[PDB]
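Chemist: First the structure, then my questions, so here it is.
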Amino acid sequence: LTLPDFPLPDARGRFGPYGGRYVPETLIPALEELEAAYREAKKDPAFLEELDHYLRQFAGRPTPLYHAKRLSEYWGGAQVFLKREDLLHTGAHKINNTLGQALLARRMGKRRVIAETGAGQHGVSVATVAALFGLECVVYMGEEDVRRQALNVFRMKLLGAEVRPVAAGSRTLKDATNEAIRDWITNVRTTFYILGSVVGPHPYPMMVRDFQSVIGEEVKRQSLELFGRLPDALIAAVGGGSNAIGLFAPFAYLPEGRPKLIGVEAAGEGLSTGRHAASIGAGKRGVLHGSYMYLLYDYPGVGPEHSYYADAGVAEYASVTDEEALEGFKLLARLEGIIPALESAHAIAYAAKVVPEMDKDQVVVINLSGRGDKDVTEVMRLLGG
Amino acid sequence: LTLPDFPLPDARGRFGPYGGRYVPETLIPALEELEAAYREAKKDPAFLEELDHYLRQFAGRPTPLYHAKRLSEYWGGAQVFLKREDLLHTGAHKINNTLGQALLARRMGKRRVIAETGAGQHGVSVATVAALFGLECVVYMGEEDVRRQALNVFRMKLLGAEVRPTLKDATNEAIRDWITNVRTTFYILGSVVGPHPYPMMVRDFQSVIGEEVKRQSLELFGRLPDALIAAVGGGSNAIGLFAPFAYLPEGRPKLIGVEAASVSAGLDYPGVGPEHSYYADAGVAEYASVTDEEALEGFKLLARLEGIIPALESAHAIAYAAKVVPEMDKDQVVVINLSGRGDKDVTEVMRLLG
Ligand SMILES: [Cl-]
């Protein structure tokens, strides 16, 4: 493992005009303590060696770059390869970042890690990692969410995490984030706040990317050892997560002929494209979670680095309808025997619109962020065939 | 990346006095052909190549031999390593076997593959490798199981397979179908208690686990483990880990199989199967059991200390290791097999625990 040193973000956490840390003076000291501790850690071979050991032994890295022969033939276009992040522990790509942040918590001396969770996957990713290192864990979760996520709540309790219900406001992720951040600020000396999103204040965006970058670097290597060259295009779902960021960053900052990068977002309800693309075309920008970025003032935003990618021209952003995503979901399962997370099914849907036109000798990599076993019931709610 | 050529069973499928099964006259010709095809397949490099390719790129092999540090410190005894079979695609170790069998069926020119399942784990495994190889898949499930397993039924359906309705009523309905359409159908069985050559075949495809542990132990310890522990029951988990060690001239690790706390349909059979029975007699493996309450405690112990939620089945072995690892020395090594992940039994364990 080698943590990158990309030309961006800059010292202030800026990717061009995007990024930064537009936060209250109460958060500042905590964030600068973190940034400093992270800058040090990424250089230390002791940290790198340890991180690498856990990614391999615990998370199960590196993940295979799987050739979907049936998919390739079905589309009749370029050869399609799947980066199997679904074969990770917890079942999500999230763990690369959670493992990295928890390890930095231990290295900083913190004995406690907190985070917030909506659906519950993050909460489980954090609870899981805290168990590995033996850290006290508290996950803030809106009450609404706590009732429609009994399973994941039980898992967190099994992992030994304390799930702290949030009744405030509308009892959702939004509220949980406030209770959490406040906790972290008060208990900064002993606690670390684990954020898995690429949309947030510096150095979170840079840190999440760096930890997720192990995805693209593996693709870069696996490709060179497989085709003697890099892919023609990389396709991944985008939406305030981190999945695409890890795949993209190792190629975004490369010279002229890097592979084409395609971020696929969910069609904005009442729109023809996603919020990001829509913001790019309209030129509307704003601040979100102390991060300047494209904002159409699913997620309200996709992040500063993705905003930079758009203007730098290293990545284009497309969208697909809810129906096209379900079509992608059913497709992969039927042809490859792999049930992908709904997020990834979106990437599959878009690849359907561009892979067929490409040459049969070209290579395309699609990122499978996680497994769909979590989304099976939601997809089956619309029970049919 | 070749297949194993173990001394047992013999040409007839017997492990000492074990193996003999009562197979109706109309099934004998299908089992003989299966033997012929299989014996011929393991001789072909191209066959071994595809198996390995898929085992690696699709299933995710090799699985890590993980050092459970917090749990080795807790028991205070020997070092504990967990063979992470829970990282495999689908979450179960049984996929080593289904991938191999669906591959055999394709080589044999079959275009259809059938199977039967209770809770649905086997149905999904089969359906998965059926979609992977473009084979037609039909899973026989009982009316009851089908209602209590809405998820798996849907999964199977998404994988493109057809689910047609107690599992007892589904097994002998499938054997019939197999016989009638044997010319075009292959029957995937994930059990080590059926008639020859299934126990040998399943053992061979599962062997990959044990062989991996053998080389992983050698590279990390320079020697083989002191004891290997695995739950013996639903599936072929313990056999895959055991076989590559059970026939070693010596320097053999102690093999400890762990067991759980009427009517025989189709090709099912009571017991642990021919090979585990032979191991016991020959004395190359010893067996034990734990109470439901003890395994339940293991489930929770591994979740809290290692961040790994095991299958209730693996929790039985965990529980058993709890009774022997602490006595041992901190310089000794113990490998525990984690057959699958417990993200399924977690709903059940959630009930009987308030
Ligand atoms: Cl992203």
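Labeling convention for the structure tokens: chains A, B, ... as they appear, residues from 1 per chain, ligands from 1 in order of appearance.
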List as number ranges by chain the protein and nucleic acid residues lying within 9 Å of ligand 1, with only C-alpha atoms and all ligand atoms counted.
Modeler: A: 197-199, 209, 236-248, 263, 302-303, 305-306
Chemist: Excluding region 28-35 of chain A and its own-chain neighbours fewer than 2 positions away, which residues fall within 9 Å of it when counting only C-alpha atoms? Please give them as a ChimeraX atom specification.
Modeler: /A:21,23-26,37-40,104,108,184-185,188-189,192,201-204,207
Chemist: Sorted by chain and rising residue number, which residues of chain B lie within 8 Å of chain A, and what are their closest atom pairs and distances in Å to one decimal, counting only C-alpha atoms, as a Markdown table?
Modeler:
| residue | atom | partner | partner_atom | distance |
| --- | --- | --- | --- | --- |
| B:56 | CA | A:64 | CA | 7.6 |
| B:57 | CA | A:66 | CA | 5.4 |
| B:58 | CA | A:66 | CA | 6.6 |
| B:60 | CA | A:87 | CA | 6.9 |
| B:63 | CA | A:60 | CA | 7.5 |
| B:64 | CA | A:57 | CA | 5.8 |
| B:65 | CA | A:57 | CA | 7.4 |
| B:66 | CA | A:57 | CA | 5.7 |
| B:70 | CA | A:132 | CA | 7.9 |
| B:87 | CA | A:87 | CA | 6.3 |
| B:88 | CA | A:87 | CA | 6.9 |
| B:89 | CA | A:87 | CA | 6.2 |
| B:127 | CA | A:337 | CA | 7.6 |
| B:128 | CA | A:337 | CA | 4.6 |
| B:129 | CA | A:337 | CA | 6.5 |
| B:130 | CA | A:337 | CA | 7.5 |
| B:131 | CA | A:337 | CA | 4.9 |
| B:132 | CA | A:336 | CA | 4.8 |
| B:134 | CA | A:335 | CA | 7.2 |
| B:151 | CA | A:377 | CA | 6.8 |
| B:154 | CA | A:380 | CA | 7.3 |
| B:155 | CA | A:376 | CA | 7.3 |
| B:157 | CA | A:385 | CA | 7.9 |
| B:158 | CA | A:333 | CA | 6.1 |
| B:159 | CA | A:334 | CA | 4.7 |
| B:160 | CA | A:334 | CA | 5.1 |
| B:300 | CA | A:158 | CA | 6.4 |
| B:303 | CA | A:159 | CA | 5.1 |
| B:304 | CA | A:159 | CA | 4.9 |
| B:305 | CA | A:131 | CA | 5.8 |
| B:306 | CA | A:132 | CA | 5.0 |
| B:307 | CA | A:128 | CA | 4.7 |
| B:308 | CA | A:128 | CA | 7.3 |
| B:309 | CA | A:159 | CA | 7.8 |
| B:346 | CA | A:155 | CA | 7.6 |
| B:347 | CA | A:151 | CA | 6.8 |
| B:350 | CA | A:154 | CA | 7.2 |
Chemist: Quick one: residues within 9 Å of region 215-224 of chain B, only C-alpha atoms counted, chain neighbours fewer than 3 positions away excluded, as a list in words?
Modeler: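 Surrounding residues, per the criterion: residues 64, 65, 210, 211, 212, 227, 251, 252, 253 and 333 of chain B.
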Chemist: Would you mind exporting N, CA, C and O atoms of the selected residues as a PDB file, in the first residue's frame?
Modeler:
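out21.pdb was written with the following content:
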ATOM      1  N   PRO B  64      -8.601 -15.508   2.896  1.00  0.00           N
ATOM      2  CA  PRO B  64      -7.569 -15.273   3.912  1.00  0.00           C
ATOM      3  C   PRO B  64      -7.629 -16.184   5.133  1.00  0.00           C
ATOM      4  O   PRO B  64      -8.710 -16.596   5.551  1.00  0.00           O
ATOM      5  N   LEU B  65      -6.449 -16.520   5.663  1.00  0.00           N
ATOM      6  CA  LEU B  65      -6.317 -17.314   6.882  1.00  0.00           C
ATOM      7  C   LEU B  65      -6.043 -16.187   7.880  1.00  0.00           C
ATOM      8  O   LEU B  65      -4.909 -15.732   8.041  1.00  0.00           O
ATOM      9  N   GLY B 210      -8.822 -26.862   2.348  1.00  0.00           N
ATOM     10  CA  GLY B 210      -7.757 -27.480   3.110  1.00  0.00           C
ATOM     11  C   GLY B 210      -6.386 -27.259   2.515  1.00  0.00           C
ATOM     12  O   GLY B 210      -5.436 -26.965   3.247  1.00  0.00           O
ATOM     13  N   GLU B 211      -6.272 -27.401   1.195  1.00  0.00           N
ATOM     14  CA  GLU B 211      -4.993 -27.200   0.516  1.00  0.00           C
ATOM     15  C   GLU B 211      -4.494 -25.775   0.720  1.00  0.00           C
ATOM     16  O   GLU B 211      -3.306 -25.549   0.952  1.00  0.00           O
ATOM     17  N   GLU B 212      -5.407 -24.815   0.622  1.00  0.00           N
ATOM     18  CA  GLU B 212      -5.053 -23.419   0.817  1.00  0.00           C
ATOM     19  C   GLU B 212      -4.531 -23.223   2.231  1.00  0.00           C
ATOM     20  O   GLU B 212      -3.495 -22.593   2.432  1.00  0.00           O
ATOM     21  N   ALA B 227      -4.066 -27.897  15.328  1.00  0.00           N
ATOM     22  CA  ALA B 227      -5.418 -28.441  15.280  1.00  0.00           C
ATOM     23  C   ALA B 227      -6.290 -27.643  14.308  1.00  0.00           C
ATOM     24  O   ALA B 227      -6.162 -26.423  14.198  1.00  0.00           O
ATOM     25  N   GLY B 251       2.756 -35.952  10.669  1.00  0.00           N
ATOM     26  CA  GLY B 251       2.925 -34.523  10.868  1.00  0.00           C
ATOM     27  C   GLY B 251       1.535 -33.929  10.750  1.00  0.00           C
ATOM     28  O   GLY B 251       1.351 -32.713  10.628  1.00  0.00           O
ATOM     29  N   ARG B 252       0.556 -34.827  10.796  1.00  0.00           N
ATOM     30  CA  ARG B 252      -0.853 -34.495  10.676  1.00  0.00           C
ATOM     31  C   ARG B 252      -1.407 -33.684  11.831  1.00  0.00           C
ATOM     32  O   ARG B 252      -1.203 -34.016  12.998  1.00  0.00           O
ATOM     33  N   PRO B 253      -2.113 -32.593  11.521  1.00  0.00           N
ATOM     34  CA  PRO B 253      -2.688 -31.773  12.586  1.00  0.00           C
ATOM     35  C   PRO B 253      -3.865 -32.549  13.160  1.00  0.00           C
ATOM     36  O   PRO B 253      -4.417 -33.424  12.492  1.00  0.00           O
ATOM     37  N   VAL B 333      -0.750 -23.191  17.257  1.00  0.00           N
ATOM     38  CA  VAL B 333      -1.689 -22.582  16.324  1.00  0.00           C
ATOM     39  C   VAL B 333      -2.922 -23.446  16.088  1.00  0.00           C
ATOM     40  O   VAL B 333      -2.833 -24.660  15.911  1.00  0.00           O
TER      41      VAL B 333
END
Chemist: Hey, what does DSSP flag as strand (DSSP E) within region 138-385 of chain A? Can you give it to me as a count of residues only?
Modeler: 45
